[PDB]
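In what follows, a single structure is set out as structure tokens and then discussed.
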Amino acid sequence: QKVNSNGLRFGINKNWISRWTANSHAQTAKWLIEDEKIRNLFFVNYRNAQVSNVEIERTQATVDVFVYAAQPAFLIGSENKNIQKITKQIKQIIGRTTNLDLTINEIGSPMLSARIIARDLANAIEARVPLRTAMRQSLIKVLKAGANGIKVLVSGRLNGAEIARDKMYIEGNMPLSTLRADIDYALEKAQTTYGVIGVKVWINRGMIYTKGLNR
Amino acid sequence: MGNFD
Amino acid sequence: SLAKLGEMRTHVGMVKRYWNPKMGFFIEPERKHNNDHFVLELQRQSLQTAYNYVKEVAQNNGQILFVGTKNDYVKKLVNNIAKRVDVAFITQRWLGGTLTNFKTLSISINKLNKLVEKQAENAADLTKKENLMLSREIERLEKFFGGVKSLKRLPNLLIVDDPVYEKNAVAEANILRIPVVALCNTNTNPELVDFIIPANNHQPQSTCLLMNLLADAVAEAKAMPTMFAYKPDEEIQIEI
Amino acid sequence: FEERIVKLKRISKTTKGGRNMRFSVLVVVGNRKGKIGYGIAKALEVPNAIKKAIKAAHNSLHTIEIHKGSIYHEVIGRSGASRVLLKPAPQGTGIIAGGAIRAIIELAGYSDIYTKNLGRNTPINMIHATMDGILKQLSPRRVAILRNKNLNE
RNA sequence: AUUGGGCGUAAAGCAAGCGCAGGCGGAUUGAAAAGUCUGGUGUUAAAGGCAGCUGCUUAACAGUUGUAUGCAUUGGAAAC
RNA sequence: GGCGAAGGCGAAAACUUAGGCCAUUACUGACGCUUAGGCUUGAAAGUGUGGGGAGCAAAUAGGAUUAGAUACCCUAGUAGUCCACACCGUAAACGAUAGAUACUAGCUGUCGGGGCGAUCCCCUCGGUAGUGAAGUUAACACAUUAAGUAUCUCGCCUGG
RNA sequence: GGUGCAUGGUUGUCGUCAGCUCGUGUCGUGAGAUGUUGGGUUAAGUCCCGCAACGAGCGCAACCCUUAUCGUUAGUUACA
């Protein structure tokens with residue numbers, strides 16, 4: 001039960017992270033197998049630069065990438081060591097028959113995405129730190145960031161075989177049935193030393209009023 | 001409770 | 001004039017032998033007229049005492065609250081009291097929560113002021129249904145908050161027609177040690193009040209007189225023209 | 001202004017299926033100068049319960065004067081069949097009492113006093129007994145003033 | 001459980017009443033002082049206890065100084 | 001509702017007779033309370049003796065009922081229930097509250113006696129309830145018929 | 001491979017039902033009561049009235065999509 005409201009909140013209310021179209025739907029398998037591999041490259045490898053989203057756009061045997069992070073240094077580095085390596089990886093995952101270009105962008109107020117929130121909470125909990133202090137500092141950080149009401153939930157163990165002692169906090173407004181909230185959702189799987197931990201983050205980022213179409 | 005002043 | 005015999009003309013009559021013993025303390029021996037009655041000598045001496053006390057309290061720019069909740073008479077009376085002089089008042093059943101906790105009601109009053117500014121600004125932003133809902137929540141705010149809508153400092157003195165009628169207000173006043181006056185009866189509580197005025201409240205003829213006396217007590221301190229306690233003549237009052 | 005902790009007890013509420021662990025907290029707040037108060041709070045987490053209990057205790061401080069840094073006379077403090085007797089003694093040997101009782105008396109800023117509990121052993125009726133016992137007395141000079149007889153003492 | 005308990009509902013009020021003895025005993029006056037408290041004398045070993053000293057190189061140890069409480073008797077207060 | 005120490009006490013009539021109350025310038029003059037021991041009474045059931053036994057119904061018999069019923073249902077039904085004599089002396093024998101006494105808010109009651117005198121209504125002395133302060137308590141609540149305040153005595157309990 | 005009371009994610013269930021809670025205060029020794037309660041209207045703890053209560057979060061309602069009335073835009077491969 002409690003069907004997730006994130007997936008219901010895409011398409012006519014948010015913007016697709018992957019925009020693409022091609023000819024007759026036979027290579028859709030190929031283009032998909034490609035582009036989610038590029039997408040998961042960042043989510044698997046780089047968990048220290050606080051990358052918010054990666055926009056892949058492909059159209060008529062073309063491809064162009066927008067990457068939005070919080071620390072451009074980790075994706076650039078001294079002597080441009082990072083850009084060449086990521087370019088080599090993308091070349092390895094893209095083939096030698098199509099174009100390849102991208103731009104490095106830094107976006108202000110990067111904390112608006114719950115994905116990096118979940119990543120930071122996973123880093124904190126997997127740092128041999130008591131959960132209480134870490135998540136208290138996390139909620140302090142998300143409230144000082146100017147965001148609206150917040151809600152978090154932790155599952156799995158606390159290195160103890162029980163799920164009857166987990167904690168969720170409710171702050172601010174959380175209307176999910178209200179189709180104007182622009183509420184962001186994220187989740188992360190942190191492998192603790194005793195099992196699997198699922199951390200889920202709901203954040204409210206202001207209600208879009210006087211609007212009837214997506215933008 | 002004598003007066004305030 | 002001050003505590004002159006002309007003013008005390010009708011202040012007797014109350015519940016039938018329903019008398020709290022702790023107020024034979026300030027009540028005459030048992031009356032023989034099948035109702036509980038009141039005498040007027042302890043009355044006007046205590047009236048002079050409370051008169052001068054609350055007068056010089058209000059000279060120091062004190063914070064004063066008014067309340068009245070009985071069916072219609074005291075409500076219109078306290079409306080008059082509010083209308084001649086700007087002062088905190090209560091017209092309906094106060095739901096409590098100022099002396100025990102005012103910081104919570106601070107949000108309610110602040111939102112009242114913000115929304116009043118909103119109607120002062122808004123012209124046609126809300127449709128007919130939205131406008132009527134807005135005016136209705138304004139009335140909700142008014143009927144319980146519009147008399148205490150101009151203060152952040154808690155009042156230190158208040159009137160009441162009966163402590164038993166407003167035991168909520170009595171208990172809230174008992175949170176602090178602020179003085180309080182009361183139109184007292186033989187069935188009231190003396191130990192939970194600070195200033196006692198044992199007088200008839202079943203008959204409005206005495207209620208109007210006593211409220212006008214306390215009104216003059218709180219009026220001359222504000223330099224506003226007084227009504228009685230200095231007028232040689234008397235004006236007839238009757239409920240209608 | 002030390003605000004020593006006294007005791008923790010675990011309680012929960014029962015609903016239609018499942019029990020909600022809303023454990024309670026009790027704290028005693030004292031300045032070690034004469035002001036003393038207590039606070040019991042209910043919350044789902046320790047820190048918020050501590051905040052509420054400390055707020056309640058600090059709001060309910062009660063003043064007691066210092067008579068040579070000890071209880072000036074022997075008196076019983078009783079509340080709900082819980083009674084602790086307070087008896088004076090020479091000065092400068094440390095008060096022998098319960099841990100909570102010692103915390104209360106140091107929050108009162110006093111010295112060595114003979115104490116002994118009798119009867120029930122639930123913390124809350126002892127704290128009621130202690131508060132009643134430390135407030136029930138009146139100063140010897142004060143009782144002299146209110147007495148008809150006048151004495152230098 | 002005289003110091004220092006309870007018995008309506010947690011354990012206990014006899015099913016109920018009369019009632020020798022015993023227990024507690026109205027007010028006012030007088031006597032005496034048996035009880036009481038008190039003044040005095042004698043008694044109740046020492047040791048040990050308590051405190052101080054000395055001597056063991058020092059606590060432990062021994063002696064040393066006084067010290068209780070109970071009893072008999074003499075003389076008084078009538079508050080009871 | 002009243003009466004009585006309680007169980008209990010209700011057709012009427014007659015005999016004996018107790019306790020109780022109001023005012024008692026009534027009278028001697030502490031004769032006052034308690035009560036280990038002691039005495040008496042003590043619902044119903046039941047024991048024995050002698051009767052009768054309308055009706056009921058322990059046990060029991062028959063028919064239903066059922067998983068079966070010697071239970072819940074129905075029909076009979078010994079004893080007993082009734083009377084007298086003794087015995088038997090237990091009951092949630094309850095105000096789950098020992099007795100005796102003094103004082104302590106208040107209000108609505110009810111009834112007995114006195115006086116006011118058409119009643120009612122009034123107060124006064126009591127018995128008998130409810131409500132409800134203070135006090136007490138773990139709370140229920142008691143609360144002028146104390147479980148508030150106290151006094152003397154008797155009985156009783158030391159976890160299950 | 002095993003190990004669903006280690007678990008995560010995900011999902012059915014009560015149940016498309018309105019209740020579930022928190023911050024403040026009030027009463028009580030506290031669990032707790034309180035709002036959330038009572039009367040109306042409902043799908044509603046939706047709202048109103050009052051109520052030692054006051055607010056607030058979750059859900060309910062609604063902002064979403066489709067159908068049905070009309071107008072404009074564009075007119076073909078509908079059509080014609």
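Chain labels A, B, ... are given in the sequence in which chains occur in the structure tokens; within each chain residues are numbered consecutively from 1, and ligands are likewise numbered from 1 in the order shown.
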Please identify all residues of chain A having at least one atom at most 6 Å from any atom of chain G, considering only C-alpha atoms (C1' of nucleotides), and return them as a CSV table (one decimal) with N, CA, C and O atoms, in the first residue's frame.
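New file out_6.csv:
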```csv
chain,number,residue,atom,x,y,z
A,156,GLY,N,15.5,-1.4,7.7
A,156,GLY,CA,16.5,-2.3,8.0
A,156,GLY,C,16.9,-2.3,9.4
A,156,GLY,O,16.1,-2.0,10.3
A,161,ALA,N,18.8,-7.1,14.9
A,161,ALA,CA,17.7,-7.8,14.1
A,161,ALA,C,16.3,-7.3,14.6
A,161,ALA,O,15.7,-8.1,15.3
A,196,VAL,N,21.0,-5.0,4.9
A,196,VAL,CA,20.7,-3.9,3.9
A,196,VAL,C,19.8,-2.9,4.5
A,196,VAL,O,18.8,-3.2,5.2
A,197,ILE,N,20.1,-1.6,4.3
A,197,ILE,CA,19.4,-0.5,4.9
A,197,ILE,C,18.8,0.3,3.8
A,197,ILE,O,19.5,0.7,2.8
A,198,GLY,N,17.5,0.6,3.9
A,198,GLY,CA,16.8,1.4,2.9
A,198,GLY,C,16.4,2.8,3.6
A,198,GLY,O,15.7,2.8,4.6
```
> residue 54 in chain G: which residues within 8 Å, counting only C-alpha atoms (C1' of nucleotides), same-chain residues fewer than 3 positions away excluded, as JSON, numbers by chain?
Replying inline: {"C": [97, 104, 105], "G": [24, 25]}
With C-alpha atoms (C1' of nucleotides) retained, write the just-selected residues as a PDB file, in the first residue's frame.
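The result, stored in selection_22.pdb:
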```pdb
ATOM      1  CA  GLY C  97      -5.528  30.329  27.038  1.00  0.00           C
ATOM      2  CA  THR C 104       0.088  30.116  21.384  1.00  0.00           C
ATOM      3  CA  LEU C 105      -2.735  32.638  21.040  1.00  0.00           C
TER       4      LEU C 105
ATOM      5  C1'   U G  24       0.719  24.358  23.652  1.00  0.00           C
ATOM      6  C1'   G G  25      -2.243  24.418  27.849  1.00  0.00           C
TER       7        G G  25
END
```
>> I want to know what sits within 7 Å of residue 147 in chain A, based on only C-alpha atoms (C1' of nucleotides), with residues of the same chain fewer than 5 positions away left out; could you give that as a ChimeraX atom specification?
In response: /A:142,204-205
>> So that I can check the surroundings of range 13-19 of chain E, please list as an NGL selection string every protein, DNA and RNA residue that reaches within 8 Å of it, counting only C-alpha atoms (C1' of nucleotides) and ignoring chain neighbours fewer than 2 positions away.
In response: (:E and (7)) or (:F and (5-7 or 38-42 or 93 or 98 or 155-156))
> What lies within 10 Å of residue 146 in chain A using only C-alpha atoms (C1' of nucleotides), ignoring chain neighbours under 2 positions off, as a VMD selection string?
Replying inline: chain A and resid 109 111 to 112 141 to 144 148 to 149 205 to 206
> Separation of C1' of residue 117 in chain F and CA of residue 16 in chain C, in Å?
Replying inline: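 Value for the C1' of residue 117 in chain F-CA of residue 16 in chain C distance: 26.3 Å.
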